[PDB]
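Asker: Protein chains in written order, with UniProt numbering: chain A, 623 to 695; chain B, 623 to 695; chain C, 623 to 695; chain D, 623 to 695; chain E, 623 to 695; chain F, 623 to 695. C-beta: ideal position from N, C-alpha, C; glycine also. One structure follows; several queries about it will come next.
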């Protein structure tokens, strides 16, 4: 048995951008109010209040090449 | 048995952009109010209140090449 | 048995844009009010209140090439 | 000649308010763009551009009593 | 000749307010852009650009009593 | 001739306020851009650019009593 796995990639993933800028992300500019009275909890509580886990991501490229090779005999 | 696997890729993924900008994301500019009274929870509670997990993503390219090559005998 | 898997790809995925901009996303500009009284929960509670998981995605390209090659003997 | 100018004022101007609040004034939230080319002015120019002279006035009373007394012989 | 000018004021100008608050004034949140080319001015120029002369006025009373008493012989 | 100018004022101007607070004034949160090319001015120029002369005034009273008395013979 002869297996010849010889794939060729000569590709390019390219971007050209001018000025990249004047980006505004303002999550949670509004007032947040939480009032709790006379609550019973009999198991685990998880609570997140306010402005959490928000992302601003501005890469000058941000191009991705993903390439998977598998050979199984 | 002879198996020859020679895929050739010469492809291009390309963008050309002028100025990229003047982008505004303002999630949750509105007031958030939560009032709780006399609640009972007999099992697990998860709570998120406010402005959470919001994304601003402004890549100057953001091009993707996704490629997969499987040979199984 | 002879198998010759030799596909050729010369393709291009291309964009040209002028200025890309003046983009506004304002989810949840309106007031959110939640009042809860005298509620019983006997099993798990998940709660999201406000402005969550909103996305502004503005790629200068955003072109995708997706390509799967499989050979099974 | 006898003049007896004897007006009596016992009046009240009264206000009762609960909570006064949650007031939003956002004038000129929109983008303003002015382009001028090749203009000739042979007399005085006055120019206002943007967000000018806006008022938010929130008096807890704001009651007015205005009272003029005149006697001319 | 007898002139008696004996006006009596026993009046009240009153306000009662609860909490006064949660007041937002955001004049000129929008982008302002001014481009001028090749302009001639042969007389005086006055220019205001941006966010000017805006007022937030929140008096806990703000009650006015305005009173005038003129006698002329 | 007898003139008897004897005006009586026993009046009051009053406010009672709860908490006075949570006041936000944000004039000129937006970007200001001014570009000038090849301009001629042959008389006086006055220029204001940006965030000027904005007022936040939050008096716990702010009540005014204004009272004018004139007698002319």
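Please classify residue 662 of chain C: is it buried, with 16 or more other beta-carbons within 10 angstroms of its beta-carbon, or exposed?
Answerer: Taking the third chain and counting its residues from 1, the one referred to as residue 662 of chain C is at position 40. Residue 662 of chain C is exposed by the Cβ-count criterion.
Asker: For residue 642 of chain F, which residues in the same chain have their Cβ closer than 8 Å to its Cβ, ignoring the five residues on either side in sequence?
Answerer: Position 20 of the sixth chain holds residue 642 of chain F. So the list reads 680 and 682, once near-sequence residues are dropped.
Asker: Find out if the Cβ-Cβ distance for the pair residue 630 of chain D, residue 653 of chain E is shorter than 9 Å.
Answerer: Your numbering for residue 630 of chain D matches position 8 in the fourth chain. Your numbering for residue 653 of chain E matches position 31 in the fifth chain. No, the pair does not count as a contact, with Cβ atoms beyond the cut-off.
Asker: DSSP on residue 663 of chain D, reduced to helix/strand/coil?
Answerer: Position 41 of the fourth chain, counting from 1, holds the residue named residue 663 of chain D. DSSP places residue 663 of chain D in strand when its eight states are reduced to three.
Asker: Please classify residue 659 of chain F as buried or exposed, where buried requires at least 16 neighbouring CB atoms within 10 angstroms.
Answerer: Indexing the sixth chain from 1 puts residue 659 of chain F at position 37. Residue 659 of chain F is exposed by the Cβ-count criterion.
Asker: Drop a sphere of 10 angstroms on the beta-carbon of residue 676 of chain C, count the other beta-carbons inside from all chains shown, and report buried for 16 or more, exposed for fewer.
Answerer: Reading the third chain from its first residue, position 54 is the one you call residue 676 of chain C. Looking at its Cβ environment, which holds 16 or more other Cβ atoms inside 10 Å, residue 676 of chain C is buried.
Asker: How far does the beta strand (DSSP E) with residue 693 of chain C in it extend, from its first residue to its last?
Answerer: Indexing the third chain from 1 puts residue 693 of chain C at position 71. Looking at the DSSP string, the run of the beta strand (DSSP E) that includes residue 693 of chain C is 686 to 694.
Asker: Under DSSP, the beta strand (DSSP E) around residue 635 of chain B begins and ends at which residues?
Answerer: Against the second chain, residue 635 of chain B aligns to sequence position 13. Counting along the chain, the beta strand (DSSP E) containing residue 635 of chain B begins and ends at 634 to 638.
Asker: For residue 657 of chain A, does the three-state DSSP call read helix, strand or coil?
Answerer: Sequence index remark: in the first chain, residue 657 of chain A carries index 35 (1-based). In this structure, residue 657 of chain A counts as strand in the three-state DSSP scheme.
Asker: How many Å lie between residue 647 of chain C and residue 645 of chain A at the Cα?
Answerer: Stepping through the third chain from its first residue, residue 647 of chain C is reached at position 25. Stepping through the first chain from its first residue, residue 645 of chain A is reached at position 23. Each residue's alpha carbon lies about 12 Å from the other.
Asker: Only counting the same chain, and skipping five residues up and downstream in sequence, which positions put a Cβ closer than 6 Å to that of residue 627 of chain D?
Answerer: As a first step, residue 627 of chain D must be located in the fourth chain, where it is residue number 5. Same-chain partners within the cutoff: 693.
Asker: Report yes if the C-beta distance between residue 688 of chain B and residue 687 of chain C is below 9 Å; otherwise report no.
Answerer: One-based indexing of the second chain puts residue 688 of chain B at position 66. One-based indexing of the third chain puts residue 687 of chain C at position 65. Going by C-beta atoms, residue 688 of chain B is nearer than 9 Å to residue 687 of chain C.
Asker: With H, G and I counted as helix, E and B as strand and the rest as coil, what does DSSP make of residue 670 of chain A?
Answerer: Counting from 1 along the first chain, the entry for residue 670 of chain A is found at position 48. In the structure shown, residue 670 of chain A sits in a strand (DSSP, three-state: E or B).
Asker: Would you say the beta carbon of residue 671 of chain C is closer than 8 Å to some non-hydrogen atom of the ligand PLP?
Answerer: Looking for the ligand PLP in the displayed structure turns up nothing, as the structure carries no ligands at all.
Asker: Give me the DSSP bridge partner(s) of residue 631 of chain D.
Answerer: Position 9 of the fourth chain, counted from the start, is the residue given in the question as residue 631 of chain D. E/631.
Asker: Using the Cβ count rule (16 or more neighbours within 10 Å means buried), how would you classify residue 691 of chain B?
Answerer: Indexing the second chain from 1 puts residue 691 of chain B at position 69. Buried.
Asker: What is the DSSP secondary structure of residue 623 of chain A, reduced to helix, strand or coil?
Answerer: For the purposes of this step, residue 623 of chain A is taken as the residue at position 1 of the first chain. Looking at residue 623 of chain A - three-state DSSP - the assignment turns out to be coil, as it is neither helix nor strand.
Asker: Once the 5 residues before and after residue 685 of chain E are set aside, which same chain residues still bring their CB inside 8 Å of it?
Answerer: On the fifth chain, position 63 is the one that residue 685 of chain E refers to. Closer than 8 Å at Cβ, skipping near neighbours: 635, 636 and 637.
Asker: Run the CB neighbour count on residue 674 of chain C, radius 10 Å, all protein chains shown included, and call it buried at 16 or more, exposed below.
Answerer: Working through the third chain from its first residue, we reach residue 674 of chain C at position 52. By the 10 Å Cβ count, residue 674 of chain C comes out buried.
Asker: Quick check on the burial criterion: 16 or more other C-beta atoms within 10 angstroms. Buried or exposed for residue 623 of chain A?
Answerer: As a first step, residue 623 of chain A must be located in the first chain, where it is residue number 1. With fewer than 16 other Cβ atoms within 10 Å, it is exposed.
Asker: Once DSSP output is grouped into helix, strand and coil, what is the label at residue 643 of chain D?
Answerer: To locate residue 643 of chain D, count along the fourth chain from 1; it is residue 21. In this structure, residue 643 of chain D counts as strand in the three-state DSSP scheme.
Asker: Relative to the alpha-carbon of residue 672 of chain B, which residue among C/633, C/639, C/650 and C/666 has its alpha-carbon at the smallest distance?
Answerer: As a first step, residue 672 of chain B must be located in the second chain, where it is residue number 50. Nearest C-alpha to residue 672 of chain B: C/650.
Asker: Take the Cβ of residue 633 of chain E as the centre, count every other Cβ of all protein chains shown within 10 Å, and call the residue buried at 16 or more, exposed below.
Answerer: As a working mapping, residue 633 of chain E is identified with position 11 in the fifth chain. Residue 633 of chain E should be labelled buried.
Asker: Measure the beta-carbon distance from residue 670 of chain D to residue 670 of chain E and round it to whole angstroms, keeping in mind my assumption that it falls under 8 Å.
Answerer: Reading the fourth chain from its first residue, position 48 is the one you call residue 670 of chain D. Reading the fifth chain from its first residue, position 48 is the one you call residue 670 of chain E. Sure, about 5 Å apart at Cβ, within 8 Å.
Asker: Between residue 678 of chain C and the rest of its own chain, which residues show a CB-CB distance below 6 Å, the 5 nearest in sequence each way excluded?
Answerer: Position 56 of the third chain, counting from 1, holds the residue named residue 678 of chain C. 647, listed in sequence order.
Asker: If you draw a straight line from the alpha carbon of residue 664 of chain F to that of residue 667 of chain D, how long is it in whole angstroms?
Answerer: Position 42 of the sixth chain holds residue 664 of chain F. Position 45 of the fourth chain holds residue 667 of chain D. Near 12 Å, if we compare the C-alpha coordinates of residue 667 of chain D and residue 664 of chain F.
Asker: Tell me the rounded alpha-carbon separation between residue 640 of chain C and residue 695 of chain A.
Answerer: One-based indexing of the third chain puts residue 640 of chain C at position 18. One-based indexing of the first chain puts residue 695 of chain A at position 73. The straight-line gap from Cα to Cα measures roughly 51 Å.
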